[PDB]
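Working notes for the structure below.
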Protein chains: 2
Amino acid sequence: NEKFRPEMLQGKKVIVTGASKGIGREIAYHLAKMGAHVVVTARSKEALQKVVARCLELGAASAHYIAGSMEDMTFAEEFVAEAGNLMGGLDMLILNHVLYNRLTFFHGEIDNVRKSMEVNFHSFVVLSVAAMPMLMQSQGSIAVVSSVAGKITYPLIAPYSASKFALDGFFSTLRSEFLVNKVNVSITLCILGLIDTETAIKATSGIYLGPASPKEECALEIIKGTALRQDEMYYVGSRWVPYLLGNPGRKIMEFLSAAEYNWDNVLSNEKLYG
Amino acid sequence: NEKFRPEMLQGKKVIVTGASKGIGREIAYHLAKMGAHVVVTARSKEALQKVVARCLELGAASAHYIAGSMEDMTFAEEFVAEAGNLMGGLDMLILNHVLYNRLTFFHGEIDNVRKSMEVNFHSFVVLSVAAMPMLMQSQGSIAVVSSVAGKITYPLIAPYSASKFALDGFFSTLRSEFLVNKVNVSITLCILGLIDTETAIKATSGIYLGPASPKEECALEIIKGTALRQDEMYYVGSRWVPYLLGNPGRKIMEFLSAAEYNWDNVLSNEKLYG
Ligand SMILES: NC(=O)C1=CN([C@@H]2O[C@H](COP(=O)(O)OP(=O)(O)OC[C@H]3O[C@@H](n4cnc5c(N)ncnc54)[C@H](OP(=O)(O)O)[C@@H]3O)[C@@H](O)[C@H]2O)C=CC1
Ligand SMILES: NC(=O)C1=CN([C@@H]2O[C@H](COP(=O)(O)OP(=O)(O)OC[C@H]3O[C@@H](n4cnc5c(N)ncnc54)[C@H](OP(=O)(O)O)[C@@H]3O)[C@@H](O)[C@H]2O)C=CC1
């Protein structure tokens, strides 16, 4: 476990959300080629059926889908339980689905804000909570798929960028707690630049003109970084960009701030209850 | 308009949320000493009443309170309209209320996550949307009260930190678009370190031991930065901390990314629709 080897996903039990098309579908493909057990989800029954059949073709140990909407928090919680049952456990939770709005100036569409927060952030939280016990018993891993727009802001897309930023605040804090605690569930935040997904290409078409990175490789890098158990994985179309997105200032401040807690109390209140 | 002068708030029409205690109450007092028109809100009717009477005493041009809960998006939208009518307009919207959770390791309390997102983030957005036409006609200003834990993560407090990070993703993008567009409503993100608020002193008591900055001055600095129309205002108990909080990387990458849009198309799509 220093360099990635495809063999590391052999027989591992993996959930992939938003896997009927785009990057998600690609993640399933690569996991199937590695011979992982795979449970795939999104809203479209027929699209997921195709992915499932393709994954068995490619050499998945097993492949199933459960269709539903990630704005229903009850489905999200119950999806994880079914997924565990079909696999007899869970090694990796790949949180990938997303709601995209139109690239537009914000004009007070508060329903876009709410829907984006529901689909892109709250459900990732619900999925993680439902999966935590299985991940803890397998010392497994969570991929939190985000965006450059979750580290930095871009005109158009405020609703989306709010939800992605929220992911960083929540999961980074969680990892930080897991580290002190010492939980042995790893959390990888994936910071992706523009990707040549069909929705993204259509979305950005007359609007944003920077180059797009390929989805097949993107999907691979997500699994690499999650398997290698990294805090962050950057796939952003350049080697110098990630240095400007990982602000060392925050790193230093988080480091400095830890010496400000009284760990004796914190750790013994935790053992008392909660 | 280069150095702050108390005169700049004289007769200005200001909403302050979460203003029955802590920093909010201090904001109302400072605005009253400057002779502003003030509408104050929070859930506690009797605590608000006291603050209003103190504000009139301290020299407010006028002072009123409307009590209600920022979990209720209907109240938030109707509060801004009533506030505007009491004052005949609005020059400054100070978004300060917050729900605090106990400082505890996260153990799957999804309701804390939901409620924090509701009170700390969604309501900020609803208030701003409701206020925007009055703010556009006055070319006014919004203060978005955040935290160091909205730029950086801290163990304990994950749900809170998600909400604060959300505010940065949302409002910073909003400012971006306002500059392009060219709206003339300023948005000041207030990054506060530890403040000697009663709630904060109780909350952190046996747990976090860093020094606390005074709420009276904190409240003043929030209004100076908002009146001076700053993108960001730092009040963090140190002069070098802000350097580590404002990632220059982010600013460079935002500046570079701008030249990546086709603004001709963006601006003409805006002009035809939306
Ligand atoms: N494409 C890019 O340029 C970038 C992508 N990313 C990130 O990568 C991830 C995937 O992006 P991408 O592959 O382009 O997205 P796509 O639009 O290609 O695919 C999104 C997937 O999520 C599913 N989905 C959408 N809405 C819901 C819902 N309400 N409930 C359940 N499932 C849903 C979709 O299926 P269905 O619609 O049938 O439900 C689909 O399977 C996201 O987290 C995104 O933020 C980050 C930066 C850039
Ligand atoms: N205090 C500090 O160490 C730090 C504070 N900040 C920021 O400063 C701001 C003020 O915090 P502070 O003075 O410490 O907090 P306080 O607890 O002192 O004040 C909270 C205010 O918000 C109101 N409020 C809480 N919940 C709701 C609700 N659901 N609906 C409407 N009003 C509500 C409270 O009254 P009621 O419950 O009666 O409604 C009260 O008036 C916050 O945004 C905070 O995040 C940032 C960094 C540090």
Side-chain angles (χ1 to χ4, degrees), chain A residues 73 104-108 110 113-114 117 121-122 125-126 129 132 148 150-159 161-170 172-174 176-177 180-181 206-210 241 243-247 249-250 252-254 257-258 260-262 265-266 269-270 274, chain B residues 73 104-108 110 113-114 117 121-122 125-126 129 132 148 150-159 161-170 172-174 176-177 180-181 206-210 241 243-247 249-250 252-254 257-258 260-262 265-266 269-270 274:
Chain A
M73 305 296 143
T104 209
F105 283 119
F106 184 74
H107 308 274
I110 104 103
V113 178
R114 161 150 262 120
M117 203 49 87
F121 171 83
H122 283 298
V125 191
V126 173
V129 172
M132 193 58 60
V148 175
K151 288 290 172 163
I152 259 86
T153 67
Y154 283 74
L156 323 173
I157 90 165
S161 173
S163 66
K164 293 297 176 171
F165 263 69
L167 288 175
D168 184 2
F170 186 86
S172 310
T173 304
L174 192 64
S176 219
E177 294 187 346
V180 93
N181 255 319
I207 303 173
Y208 191 93
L209 305 191
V241 165
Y243 286 102
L244 305 196
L245 307 170
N247 75 303
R250 128 130 88 137
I252 300 167
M253 201 52 37
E254 288 175 346
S257 281
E260 213 94 272
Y261 290 66
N262 178 289
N265 282 44
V266 169
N269 298 331
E270 152 76 25
Chain B
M73 301 306 141
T104 176
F105 293 111
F106 180 84
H107 189 220
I110 101 99
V113 170
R114 192 151 218 77
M117 264 304 317
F121 176 72
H122 285 303
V125 176
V126 172
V129 168
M132 207 61 78
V148 179
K151 284 280 161 186
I152 258 125
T153 64
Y154 283 77
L156 286 7
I157 88 156
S161 190
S163 69
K164 296 310 196 178
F165 264 75
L167 289 167
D168 187 2
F170 186 78
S172 302
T173 314
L174 196 65
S176 256
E177 297 181 349
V180 177
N181 245 331
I207 287 142
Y208 187 78
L209 306 175
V241 171
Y243 289 104
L244 310 202
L245 290 182
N247 43 0
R250 134 105 94 115
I252 292 165
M253 208 52 38
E254 285 168 345
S257 292
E260 293 274 69
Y261 291 72
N262 184 314
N265 284 350
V266 167
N269 281 356
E270 174 68 355

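Below, each value reflects all heavy atoms present in this structure, side chains not excepted, and no hydrogens, waters or symmetry copies. Quick note on labels: first sequence line is chain A, next is B, and so on, each numbered from 1.
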When heavy-atom pairs shorter than 4.5 Å are enumerated against chain B, which of [options] gives the highest number?
{"options": "A:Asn269, A:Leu245, A:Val266, A:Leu174", "answer": "A:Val266"}
{"options": "A:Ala158, A:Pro155, A:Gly246", "answer": "A:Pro155"}
{"options": "A:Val241, A:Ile252, A:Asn181", "answer": "A:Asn181"}
{"options": "A:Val125, A:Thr173, A:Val129, A:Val126", "answer": "A:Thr173"}

| message | Taking ring pair (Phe, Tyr, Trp, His ring centres under 6.0 Å) as the definition, give me every residue that meets it alongside B:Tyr261, ordered by chain and number, with sequence neighbours left out. | response |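 Checked B:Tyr261 against ring pair (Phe, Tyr, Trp, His ring centres under 6.0 Å); matches are A:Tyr208, B:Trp263.
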
| query | Do A:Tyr154 and B:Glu254 come close enough that some side-chain heavy atom pair is under 4.5 Å? | reply |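 Result no, sub-4.5 Å side-chain heavy-atom pair not found.
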
| task | Would you indicate whether the side-chain heavy atoms of A:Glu270 and B:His107 approach each other to under 4.5 Å? | result |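 No. Closest side-chain heavy atoms not under 4.5 Å.
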
Segment of [X] engaging chain A (4.5 angstrom heavy-atom cut-off):
{"X": "B:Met117", "result": "side chain"}
{"X": "B:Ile207", "result": "both"}
{"X": "B:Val113", "result": "both"}

| query | Where the side chain of B:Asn247 meets the backbone of A:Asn247, is there a donor-acceptor pair that is under 3.5 Å apart? | reply |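 No: the side chain of B:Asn247 does not pair with the backbone of A:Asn247.
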
| message | As an exercise, state the distance from CZ of B:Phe121 to CZ of A:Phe121, rounded to the nearest 0.5 Å. | response |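 Answer rounded to 0.5 Å: 10.5 Å.
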
| task | With rounding to the nearest 0.5 Å, note down the distance linking OG1 in B:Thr104 to CD in A:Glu177. | result |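 The OG1 atom of B:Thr104 sits 7.5 Å away from the CD atom of A:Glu177.
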
Give, as side chain, backbone, both or neither, the part of [X] having an atom under 4.5 angstrom from any heavy atom of chain B.
{"X": "A:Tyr243", "result": "neither"}
{"X": "A:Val148", "result": "neither"}
{"X": "A:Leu167", "result": "neither"}

| query | How are the rings of A:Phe106 and B:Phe170 set relative to one another: parallel (under 30°), tilted (30 to 60°) or perpendicular (over 60°)? | reply |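 Perpendicular: the ring planes of A:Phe106 and B:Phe170 meet at over 60°.
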
Using a cut-off of under 4.5 Å for heavy-atom pairs, which of [options] has the most such pairs with chain A?
{"options": "B:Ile157, B:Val180, B:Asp168", "value": "B:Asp168"}
{"options": "B:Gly150, B:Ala162, B:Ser161", "value": "B:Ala162"}
{"options": "B:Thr153, B:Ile152, B:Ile110", "value": "B:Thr153"}
{"options": "B:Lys164, B:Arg250, B:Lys151", "value": "B:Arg250"}
{"options": "B:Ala258, B:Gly206, B:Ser176", "value": "B:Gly206"}

